[PDB]
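This structure is in structure tokens; I'll ask about it shortly.
Going by the order they are written in, the chains are A, B, C, D, E and F; count residues from 1 in each one.
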Amino acid sequence: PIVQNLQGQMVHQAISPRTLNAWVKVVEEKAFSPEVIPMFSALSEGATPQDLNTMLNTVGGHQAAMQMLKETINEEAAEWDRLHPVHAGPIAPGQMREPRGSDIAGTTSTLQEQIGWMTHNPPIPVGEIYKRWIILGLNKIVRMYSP
Amino acid sequence: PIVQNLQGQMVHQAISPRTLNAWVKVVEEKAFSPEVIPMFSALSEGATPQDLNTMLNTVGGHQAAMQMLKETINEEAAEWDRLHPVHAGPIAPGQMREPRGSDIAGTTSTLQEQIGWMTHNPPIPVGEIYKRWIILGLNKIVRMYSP
Amino acid sequence: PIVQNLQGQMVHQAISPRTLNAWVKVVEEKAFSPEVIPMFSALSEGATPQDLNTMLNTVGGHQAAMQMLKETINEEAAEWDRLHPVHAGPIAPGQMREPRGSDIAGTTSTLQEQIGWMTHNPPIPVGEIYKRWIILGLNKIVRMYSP
Amino acid sequence: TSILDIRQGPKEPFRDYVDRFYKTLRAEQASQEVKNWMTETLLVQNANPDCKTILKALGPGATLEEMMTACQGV
Amino acid sequence: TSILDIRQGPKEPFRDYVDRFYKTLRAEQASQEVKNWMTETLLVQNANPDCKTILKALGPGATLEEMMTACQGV
Amino acid sequence: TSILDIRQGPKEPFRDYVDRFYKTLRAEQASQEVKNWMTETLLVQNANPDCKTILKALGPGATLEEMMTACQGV
């Protein structure tokens, strides 16, 4: 995640193993139950896309759901690209590039790039955009997996 | 691992016992399952070659796989040496030596040497080169150990 | 152990209880298995002789092995004294004394003395000398305790 | 176990089968296009006659929630 | 137990035997060259007749994934 | 399971039923106004005759502690 250091700057720090394991354990115990979404939300505080793929990729089991989510993440990403067209002409030397759906999904962007966008002024909340897609896709799952 | 200190420099710090034990426990529980690879990747964040041999050497069980991996690590290392020839003439006093496959595997290099390469400017990502060999060799294993 | 403080000096800090207990638990679970040696090596990072006797003395069980090790430690120590004779004439006021096998084994030296040797410039690696004796004696045990 | 060996039982819920499929698909490393081909093809083909019948009625263009709710009583 | 005493059962999968071999090989401390000699030699020699037959057909130059997939039905 | 399928048993305490209701209501995502409509309507409607009778005597304007204490002996 990207956290504030004592000095008063935003720097990246790694997520903790008993945080990781707590994510694992939630999924083990409460599967598709709604409490998973606030839980997720708390444990995703200050998290990167990269950390969010890590969390999704580290799941075991419920592979039908994991595939449905993936496909929702790509749909929501396809929709990001649709709604926000690429911008006019070449990229400025003085500036950094606008993200695509795949940069938001973490796929085409690097960590330093993910830190550029979030730490820069104005900052862009690529975590929160992926977060809604995850929560939206979580609703899809919850609604389906209701019996 | 080599971590950033509060002062704003990169220094080595030792890996934690409940990190070690978490590595052990993953292997105990999920054996050759694919979730082992993201898991590995997270727990290998900022790790040295030396720490990576420590993790491989501390395995118990699955010795056929452990040997297949070793032999993959040496093949990938042999390939490093092939692709990157040694450089022209004697080593400069002002400079430090280029790595070989065995320095990447941690074998011929010392820790201070592993810290020289990574902390120096430009830095060389000898962790990430070994990491791909580990992940590649993990694919070999996963594909074989599928039933 | 002797660790580096934030200020940038080497100072002694005590070893942790869940480190101690992790040493205990390894021995409980994996007895004479080879994974014990890398494991030992990691948990002995930056350790003193004094801490190494603490770890050996806190063992319960496997007393035949513990005696074989002791006797290996004394043999290796006797050998240290043989190979390295005492030096010419009286000890200088400006200098500190050279170690013997028993100082390496921690027996005849005090902690402050163990910190003098390691922290001083040049430093002498009395941990690493005892460490080889421990590892050597670990090989003896492993080879015997193979069935 | 190979992906071709993944098949739906005569009494096995589709759901339990689809889980098995994307687990084994999860251990296949092929290009995405090939894995798309496997999805639309092999899944239905090794599905049981009763559900297979059901899935033929959904036509093409169908998505996983609709397949999964379609073969629920079977 | 000594490395010479490691042998494959008449019904034991090779796989379970190869695991036993590199565990015991893991408790041998000999030079690498000697341990290479042990690998190509002793493993096949104490392998069962049915797999032994199989392994003779792989010829030399063979690697562990190919040996391990070669004696799978045996 | 759908919200319409939530009903009170003939021997089931209302309390255990009301818990089931706001759990299933917890998985409905509808506008608050609709969910208010569901609250005053469906809860009583699928309540058992003995408690249903009781709840009719509370009249309208009633709140959950009073409903929950009202159908306690039933």
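Everything that follows uses one rule, which is that a residue touches a chain if its C-beta (ideal position, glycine included) is under 8 Å from a C-beta of that chain, and two chains touch if they have at least 3 such contacts.
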item: Subunit F and subunit B - chains in contact with each; value: A
item: Partner chains shared by subunit B and subunit C (touch criterion as defined above); value: E
item: Chain occupying the most central position, where position means C-alpha average; value: B
item: Centroid-based (C-alpha) most distant chain relative to subunit E; value: F
item: Distance from the mean Cα position of subunit F to that of subunit D, given in whole angstrom; value: 40
item: Geometric centre distance via CA averages, subunit B-subunit A, whole Å; value: 27
item: Touching two or more other chains - residues of subunit E; value: 26
item: Interface hub residues of subunit B, defined as touching at least two other chains; value: 6, 18
item: Chain-chain contacts as defined at top; value: A-B, A-D, A-F, B-C, B-D, B-E, C-E
item: Residues of subunit B defined as touching subunit C within the complex; value: 5-7, 14-15, 17-18, 20-21, 54, 57-60
item: Subunit A contact footprint on subunit D (complex, rising order); value: 15, 18-19, 21-23, 25-26, 63-65, 68-69
item: Subunit A - residues contacting subunit D, complex; value: 62-64, 66-68, 71, 140, 144
item: Of all residues in subunit B, those that touch subunit A in their complex; value: 4, 6, 18-19, 22, 30, 33, 35, 38-39, 41-43, 45-46
item: Contact set on subunit E toward subunit C in their complex; value: 1-2, 24, 26-27, 29
